[PDB]
Amino acid sequence: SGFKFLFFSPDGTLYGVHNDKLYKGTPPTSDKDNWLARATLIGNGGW
Amino acid sequence: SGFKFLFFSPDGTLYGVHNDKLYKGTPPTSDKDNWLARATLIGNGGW
Amino acid sequence: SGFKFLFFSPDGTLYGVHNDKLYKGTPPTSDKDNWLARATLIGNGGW
Amino acid sequence: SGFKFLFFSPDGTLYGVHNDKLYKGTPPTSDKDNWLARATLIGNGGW
Amino acid sequence: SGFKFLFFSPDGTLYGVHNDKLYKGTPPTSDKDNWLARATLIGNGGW
Ligand SMILES: CC(=O)N[C@@H]1[C@@H](O)[C@H](O)[C@@H](CO)O[C@@H]1O
Ligand SMILES: CC(=O)N[C@@H]1[C@@H](O)[C@H](O)[C@@H](CO)O[C@@H]1O
Ligand SMILES: CC(=O)N[C@@H]1[C@@H](O)[C@H](O)[C@@H](CO)O[C@@H]1O
Ligand SMILES: CC(=O)N[C@@H]1[C@@H](O)[C@H](O)[C@@H](CO)O[C@@H]1O
Ligand SMILES: CC(=O)N[C@@H]1[C@@H](O)[C@H](O)[C@@H](CO)O[C@@H]1O
């Protein structure tokens, strides 16, 4: 629970480290947007 | 109180994590501008 | 003490959170620049 | 273990500090991508 | 003692806070680049 890092790439993609995993995707648009469920998993550990 | 993350997207929108929630909005232009009151809630928790 | 956050906006302005307040201004060019005295107070608390 | 800093350059390259060393490279695109194995070492300590 | 902050400006300059001092410079190109030996000191304390 909670992100360790949460930051943008210069194209506007949101990146986040959550439970040692790395995710990316376009940023959420509302509190109805389950961002983590639709984010792409781009790293399985070590972050 | 207190933000856990406070950062910019490349289009100039300010993003912030406050009390596990995610907020965005144009940055304040003066200390009369209550940013958190006018920011768009874009995540209800898990941040 | 020091800063809680210190980060750039995409237009090149340096932002900083210091003693719960939000500051912005052009980045310092030498150690003779008192950036905190020089920056614009854009938020009086809650940061 | 884990990263101490993880952030983007405006040229699109991902930078990270891991165990006091500095690395850069294209961001990972999947959890098969061993980013730290293929990243360019650009700093052997002090970070 | 490492860096407290390490981040880019949108023109590609790397900024870092180290022992409460603020440094800037082009990012290191390889592990043979002593960045902090050649970085510009732009803040002597308070960071
Ligand atoms: C910090 C880092 O590069 N972690 C990666 C991880 O994301 C990836 O899923 C795994 C693939 O084997 O390799 C590494 O552990
Ligand atoms: C980290 C993350 O994606 N959190 C979101 C939250 O912001 C959103 O309000 C909720 C919708 O049900 O889904 C997830 O919990
Ligand atoms: C986090 C946040 O938006 N803080 C603001 C503060 O910056 C501003 O000076 C004040 C104006 O009334 O309102 C809020 O407290
Ligand atoms: C913080 C910093 O500038 N560290 C560098 C290190 O990355 C580099 O590999 C070394 C070369 O001798 O010099 C310095 O220690
Ligand atoms: C956070 C900040 O602005 N620190 C500066 C420091 O960089 C500068 O060298 C000194 C010179 O007067 O003034 C301030 O203390």
Side-chain angles (χ1 to χ4, degrees), chain C, chain E:
Chain C
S1 167
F3 289 80
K4 177 157 110 171
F5 299 112
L6 190 70
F7 58 105
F8 277 99
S9 81
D11 74 359
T13 306
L14 179 63
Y15 285 62
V17 171
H18 182 272
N19 294 9
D20 298 294
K21 289 168 315 156
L22 190 59
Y23 295 89
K24 72 151 173 193
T26 67
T29 68
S30 70
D31 68 4
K32 282 230 307 153
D33 282 353
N34 188 333
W35 185 85
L36 242 193
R38 164 160 111 62
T40 299
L41 189 49
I42 57 171
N44 253 286
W47 302 93
Chain E
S1 340
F3 285 78
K4 178 168 48 210
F5 297 105
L6 189 69
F7 55 105
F8 280 104
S9 71
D11 67 15
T13 304
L14 183 61
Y15 284 68
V17 173
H18 164 81
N19 302 331
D20 309 324
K21 293 182 210 81
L22 185 64
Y23 298 81
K24 79 171 178 181
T26 59
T29 48
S30 85
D31 55 299
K32 274 70 172 73
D33 198 347
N34 194 328
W35 186 80
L36 184 62
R38 64 151 176 109
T40 305
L41 174 70
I42 57 172
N44 194 175
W47 301 92

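In what follows, every chain begins at residue 1, and chains take the letters A, B, ... in the order their sequences are listed.
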| With only heavy atoms counted, which part of E:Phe8 is less than 4.5 Å from chain C, the side chain, the backbone, both or neither? | backbone
| Is C:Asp20 paired with C:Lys4 through a side-chain N to carboxylate O contact shorter than 4.0 Å? | no
| field | Distance (rounded to the nearest 0.5 Å) between C:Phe3 CZ and C:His18 NE2 | value | 5.5 Å
| Check ion pair E:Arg38-E:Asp33 (N to O, under 4.0 angstrom) | yes
| message | So for C:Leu14, is it side chain, backbone, both, or neither that comes closer than 4.5 Å to the heavy atoms of chain E? | response | side chain
| remark: Cut-off 4.5 Å, heavy atoms of chain E, and the answer for C:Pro10 is backbone
| field | Residue, of C:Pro27, C:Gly2, C:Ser30, C:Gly12, that accumulates the most heavy atom pairs under 4.5 Å with chain E | value | C:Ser30
| message | Given heavy-atom pairs under 4.5 angstrom as the criterion, report whether the side chain, backbone, both or neither of C:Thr13 touches chain E. | response | neither
| said: Rounded to the nearest 0.5 Å, what separates atom CG in C:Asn44 from atom CG in C:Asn19? | reply: 12.0 Å
| Distance (rounded to the nearest 0.5 Å) between C:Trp35 CH2 and C:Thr26 OG1 | 9.0 Å
